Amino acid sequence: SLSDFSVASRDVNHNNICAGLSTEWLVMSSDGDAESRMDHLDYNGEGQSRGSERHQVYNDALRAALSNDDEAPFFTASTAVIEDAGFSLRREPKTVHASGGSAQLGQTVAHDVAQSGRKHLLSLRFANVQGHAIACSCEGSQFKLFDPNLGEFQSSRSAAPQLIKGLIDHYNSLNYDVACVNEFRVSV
């Protein structure tokens, strides 16, 4: 179950600033513990304001991309927010389609993100054209995943496929069909 992987439950996305919050989490994903990280990103925390500021960087880049008729405006915006945070894209953004069961999707994504040292900003493309950003960082055998709507989750690299499948099923159960997942592999 998804709750089995939960280490710090916290819905910190009431203000719809997911990309910004996810990037802020990436910046300090190794600081303190899961609980303190969620306290940082919570509404009365500095992280909520910093995340909002980062989300504005995302929005600014998106607005410019759309105005310039960019071929991939969302890829451009996501790249802008992670670069603003001091990261650089390590690979071309990868798109994993939901073709097949959620286990397959979870497995493919896990193979890409659950590798020691890798960090990612991920975008969930809800069939209803709506997007949602989350982030993850793999520290040795420890895989950490943060979803602004839910909080922080952790698993061994071995169980990452189960954790990701759980997240996908969570959204599908709420009628937010995850058509695909875009991966933004980053490094400092």
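When you see a residue number, it is the position in the sequence shown, counting from 1.
When the C-alpha B-factors of 25 to 33 and 149 to 157 are averaged, 25 to 33 comes out higher. If you average the C-alpha B-factors over 38 to 46 and over 125 to 133, the higher value belongs to 125 to 133.
Ranked by C-alpha B-factor against the other modelled residues of its chain, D69 falls in the highest third. Ranked by C-alpha B-factor against the other modelled residues of its chain, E53 falls in the middle third. In the deposited entry, the Cα temperature factor of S78 places it in the lowest third of its chain's modelled residues.
Residue-level temperature factors show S141 in the highest third of its chain, judged at the C-alpha atom. Per the deposited record, the Cα B-factor of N175 falls in the highest third when ranked against the other modelled residues of its chain.
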